[PDB]
Amino acid sequence: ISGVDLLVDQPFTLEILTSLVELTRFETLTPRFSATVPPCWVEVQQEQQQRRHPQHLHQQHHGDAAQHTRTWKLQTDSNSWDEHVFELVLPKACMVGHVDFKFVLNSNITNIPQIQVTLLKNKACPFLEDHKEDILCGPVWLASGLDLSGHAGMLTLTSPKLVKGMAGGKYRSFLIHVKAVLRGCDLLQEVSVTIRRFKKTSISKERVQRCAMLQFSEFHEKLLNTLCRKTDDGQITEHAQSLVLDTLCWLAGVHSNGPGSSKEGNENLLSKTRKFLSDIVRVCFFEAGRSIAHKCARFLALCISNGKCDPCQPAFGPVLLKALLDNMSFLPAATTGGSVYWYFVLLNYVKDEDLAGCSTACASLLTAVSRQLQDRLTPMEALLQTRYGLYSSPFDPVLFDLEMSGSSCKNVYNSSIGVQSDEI
Amino acid sequence: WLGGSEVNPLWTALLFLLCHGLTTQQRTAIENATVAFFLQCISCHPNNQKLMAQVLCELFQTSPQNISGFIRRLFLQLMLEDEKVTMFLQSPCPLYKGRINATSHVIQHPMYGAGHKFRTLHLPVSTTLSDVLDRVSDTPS
Amino acid sequence: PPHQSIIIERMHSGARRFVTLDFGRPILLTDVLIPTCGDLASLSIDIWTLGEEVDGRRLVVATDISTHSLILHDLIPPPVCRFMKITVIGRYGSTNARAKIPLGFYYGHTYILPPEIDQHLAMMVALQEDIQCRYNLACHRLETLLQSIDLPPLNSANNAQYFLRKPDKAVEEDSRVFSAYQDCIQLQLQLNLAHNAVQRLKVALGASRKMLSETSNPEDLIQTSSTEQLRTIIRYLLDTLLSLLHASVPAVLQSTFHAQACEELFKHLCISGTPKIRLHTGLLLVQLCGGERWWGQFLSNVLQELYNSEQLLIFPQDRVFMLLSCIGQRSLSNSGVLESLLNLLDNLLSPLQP
Amino acid sequence: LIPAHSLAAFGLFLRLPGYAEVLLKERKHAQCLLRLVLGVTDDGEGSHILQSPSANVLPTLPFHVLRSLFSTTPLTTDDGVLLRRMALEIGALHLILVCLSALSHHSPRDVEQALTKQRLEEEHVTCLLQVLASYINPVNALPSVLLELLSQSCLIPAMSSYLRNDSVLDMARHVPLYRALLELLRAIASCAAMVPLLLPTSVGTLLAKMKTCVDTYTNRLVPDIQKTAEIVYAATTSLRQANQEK
Amino acid sequence: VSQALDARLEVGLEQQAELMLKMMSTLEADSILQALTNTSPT
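Determination of this PDB entry was carried out by cryo-EM to a resolution of 3 Å, according to the record.

In structure tokens form, the structure reads like this:
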């Protein structure tokens, strides 16, 4: 720590942010790993999951990714197991970022299995009770990672204390323990687990830099200030803004599963987020482009999920609602159609709170806008609409969006493709 | 009178305005109005044709440095197309061709009359009289 | 934008299909859309720039495309690509008739940035200026084309005959108008795409947009925005209003949308707007004020004002009539709808009785 | 400020003084060429130029109108010599020889589509050679640069290569280009200024070779085009022989 | 909705956000179809 200038301390510049994202950059384990399984599972051969996935080895010649898809099929015996133990092996020293825990439900499942994967942090009659002070790292719920289909999903295994490791990014014990709260864990069909880590950086003491990034809250304060304010000296390029959104997205992702002790940093960031939420939305939607709007939508989704995951602290939905409704009147001055699309996507979900205020603002804006629109109709356009049913005005040079089918692609070219038959 | 010495500076000033506090719709409306005004002044007046040719030549000579902008469109749709002239007929026999039973509203100068004994067409000068006859009357066709 | 599908061989659907696509230059691919393919069981995309085995990658695998169409709205971070590989598995049964694979659509930036930027911006500006000039010429042609045509009012038998059987000159002039309008909209879209690209390149220099450095009062914002932006805002806002209503009791909403507000909103939207916003406005009105007492009298007043033989406004009478019929059917439970309509019909036939 | 080279030539040709007036003799194509320039590529009536009723002739207009100008503008008056000069400085004749090199492949020193492109290319080079011939004759006169620029050039290799083809069945179907060749040899032999450019297998010997060969093939052993071809070829060959000796 | 999402396992786990961001829209599109066709004004 001493004698090393932390990346947080220096004033933010484009190259500094580019270095910062390199810390958050994340990769895969190239070295081989191993694991053991309870006897009720049988490891599925690696090419069985290659059934619809024929080009796994071609993209990466090393082939460890083919081994990375370690699959166990569940042999449902008469025992209705309520606990399981999965041992991990980390032969080559590395700093894992998160463990890719993927779960798929059986095709015939109709109920919601209240299966929980709770792993308290490590400090030195279910295992979560006898060894309540000896559990390793988590915790999560299975339903959190449940996907749209409801028959599969993938859980996130990360924590602010995960990156530090046992001591300086070493491995001593990683145990994936599952306990359900026909019935129970027997509904789960098969499990695949992948271990993936951080990319190597050209920055000395990457562990120290990551620790400084995660610990200090003034880093969060400065990041939110940089994102929000755009002053005369703050001629912040949207490249730097995109980097800032990436940094906050990674930070919220790693703070998502932080335990009660780790909630200090989470609340430190969320207090500033609530302080500057109106400016965040205003900038990232009504001033920035579509990509920045998508990044801000992702960050706000992480914040909403974090507020849901922490009932001990006030929820984020109502505050997001006030921010969006306060920024509502700026819609006619918005830049692009994709940003407005993402704004309304976020707004629609948070309608569950204060329906009266949202409806009032919507009606006011509609009444204000509608009168203006009718004044801009011309006899030319009216003739076109009546005689031919052509409603798009051709004499107006400026457009707003091009919604082909469930997408907003006005800010990008249409790619001209020369088709190659090649392999017939 | 629009070719008079008093009005001559207007052409150059207009071109100066349109070849560099105007909104986009204002600029488009001004461009269309200028093109229409020039085309009206040039329609069948050789003197005004010479004056506009002189104005264009001097503007091109004094233009620094590629051709684009309003001047390109003005040159392309003022010249490089057939001239239009209003041609006005009348006869002791009615001219039925070109009329439909729908209640169409056409408003022209009163000197062109009304009814089946009059007809006015805005058609290119390059056309021949046979086109006039078989477009105004059924009998030639 | 180009579009033309290509044929395949050994049409039997049991086996694999292979399609490899190359743009001839690295492309910042950021959007992929492929329509639903019923006779297909799987689909995948593989991406590489230098080589399939050198830097090959994959980004999505689609399985339910038989009854669905995959959409990749925003690929962030944008994968750099020049070569795209398509691998699909048809229906498991290897017996099928002739079918054509829909290629889909792929959107992405052509110029890649982390120098060409300055001269690329200059040439893009020149291209935008040329496209603007061509678009202005197309607009002038369309304007001078429509100026010579007229719509006969539907108030006589002769006009009805004209609408039933269009004369030949009307048909050919309509074809010419449609062609000119299609050219105009093509040039408009090209100009907007070029301007967006130029704006993105200027953003790459850090020159952010003006963004309300003059005023922020809404009464100027609403009256200074573009028409298309207002239409998109109205569409989204009406959509959210419909969602909010379907999710309930918003008593405040019913208070604001009284008789005068409903009159004004109907006349502004359902008469001049695009069909989508017209239908949505009608449905929102019938869902909100359908049970009101003043409703039905609203419909009678609207019909009498719009379809009066003294009406001078030009509007798509048939479409708004269909909208009125649909609204009347939905709001039929209200007792005043037929009472008001029959009272109106009673007054129109009054001159028969001396 | 299809084909691409014709438009560049048209832009270069139009800068020549007096070319605007002669281009406007046939007005509608002249408008089409100018409309084809400036990038709109459309008429005033909404019909694409490339699908215009007379779009086939479009490539020929620049060089053909320049040939008409050359016929109407003799080398006698000051107009001809000034036109020759402002041709030489701006690279008008230089670009003429460059595009000849492009369309003839003589550097300085699919069956249906193949035959169609061969036809269009041979007609284009025919027009180019014939307009160059009209450039040679009126109907410091010889440019100083032309003296150097015909040596290590394309014109002499073009003549050599096109005189390599001595098919006895060629002139039966190849009448237009051989007519242009006859006219250009008439110019090269009758023009006093052009004679020193040629006179220091030789051109005269192999020209006599074709004359004797065709005389043996036809005279010793036809419709209007062929018979006119032989009679004019014999007359022009006699004139060229008379001019060559001095 | 096609429930098809790009292979972002390799990147940090924004995937759960992306699924629910995909789920953000899905609960909207269905309700509107239920708003205008279903739930006839009564």
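Enquirer: I tried to follow the interface of chain A and chain E on my own but got confused; where do I start?
Expert: Reports of interface size often rely on the accessible area that becomes lost once the parts have come together. Across the contact, 25 residues belong to chain A and 21 residues belong to chain E. When the area that chain A buries against chain E is broken down by residue, the three leading residues are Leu 148, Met 154 and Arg 298 of chain A, summing to 29%. Applying the counting criterion to the chain A and chain E interface returns three salt bridges. The partner of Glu 14 of chain E in a salt bridge is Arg 298 of chain A, with the nearest N and O atoms 2.4 Å apart. Within the residue set of the side of chain A that touches chain E, elements represented by two or more residues are β5 (96–105), β8 (152–157), α10 (290–309) and α12 (337–349) of chain A.

Enquirer: Looking at this structure, I do not really get the interface of chain C and chain A. What am I missing?
Expert: Contacts between the two partners involve 108 residues from chain C, matched on the other side by 96 residues from chain A. Both faces considered, chain C and chain A share a buried interface measuring about 10000 Å² in area, 62% of it formed by carbon and sulfur atoms. The interface formed by chain C and chain A contains five salt bridges. The tally of links between chain C and chain A comes to 37 residue pairs in polar contact.

Enquirer: I'm lost on the environment of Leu 342 of chain C in this one. Help?
Expert: Looking at where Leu 342 of chain C falls in the secondary structure, it is placed in helix α12 (residues 336–348). Counting along the chain gives 54 residues from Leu 342 of chain C to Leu 288 of chain C, while the straight-line C-alpha distance between them is 24 Å.

Enquirer: What should I look at first to understand the side chain of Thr 20 of chain C in this one?
Expert: Along the chain, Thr 20 of chain C turns up in strand β1 (residues 16–33). Given a relative accessible area of 5%, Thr 20 of chain C falls into the buried group. One polar contact links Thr 20 of chain C to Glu 423 of chain A, side chain to side chain, over a distance of 2.9 Å. Residues in contact with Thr 20 of chain C, not counting those within four places in the same chain, are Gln 420, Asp 422 and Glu 423 of chain A together with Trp 48, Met 84 and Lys 85 of chain C.

Enquirer: I would appreciate a short explanation of the packing of aromatic side chains in the present structure.
Expert: We describe a pair of aromatic rings using the distance from one ring centre to the other and the angle between the two ring planes. What the rule picks out here adds up to 26 aromatic pairs over all chains. Look at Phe 285 of chain A and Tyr 343 of chain A: their rings are 6.1 Å apart centre to centre, the planes differ by 75°, and that puts the pair in the edge-to-face class. Of this pair, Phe 285 of chain A sits in helix α9 (residues 277–286) while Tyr 343 of chain A sits in helix α12, placing them 58 residues apart in sequence. Taking the relative accessible area as the measure of exposure, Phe 285 of chain A reaches 3% and is therefore buried. Since its relative accessible area comes to 1%, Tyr 343 of chain A is described here as buried. Pairwise contacts between aromatic rings join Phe 285, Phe 286, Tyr 343 and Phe 344 of chain A together with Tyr 236 of chain C into one cluster. Here the basic side chain of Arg 84 of chain D rests over the ring of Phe 70 of chain D, its NZ or CZ set 5.3 Å away from the ring centre. A cation sits over an aromatic face here: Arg 84 of chain D above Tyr 135 of chain D, 4.0 Å from the ring centre.

What counts as what
- Residues numbered from 1 in each chain as written, not as in the entry; some residues may be left out.
- Chains lettered and ligands numbered in written order.
- Part of a larger assembly, values for the part shown.
- Heavy atoms only, no water.
- Contact = heavy atoms within 4.5 Å.
- Buried area = accessible area lost by both parts, 1.4 Å probe.
- Salt bridge = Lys/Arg side-chain N within 4 Å of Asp/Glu carboxyl O.
- Helix = DSSP H or I, 4+ residues; strand = E, 2+ residues; numbered from the N terminus.
- Polar contact = N/O pair within 3.5 Å; in protein donor to acceptor, adjacent residues only side chain to side chain.
- Buried < 20%, exposed > 50% of the residue type's maximum accessible area, 1.4 Å probe, protein only.
- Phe/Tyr/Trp six-rings, centres within 6.5 Å; stacked < 30°, edge-to-face > 60°.
- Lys NZ or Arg CZ within 6 Å of the ring centre and 35° of its normal.

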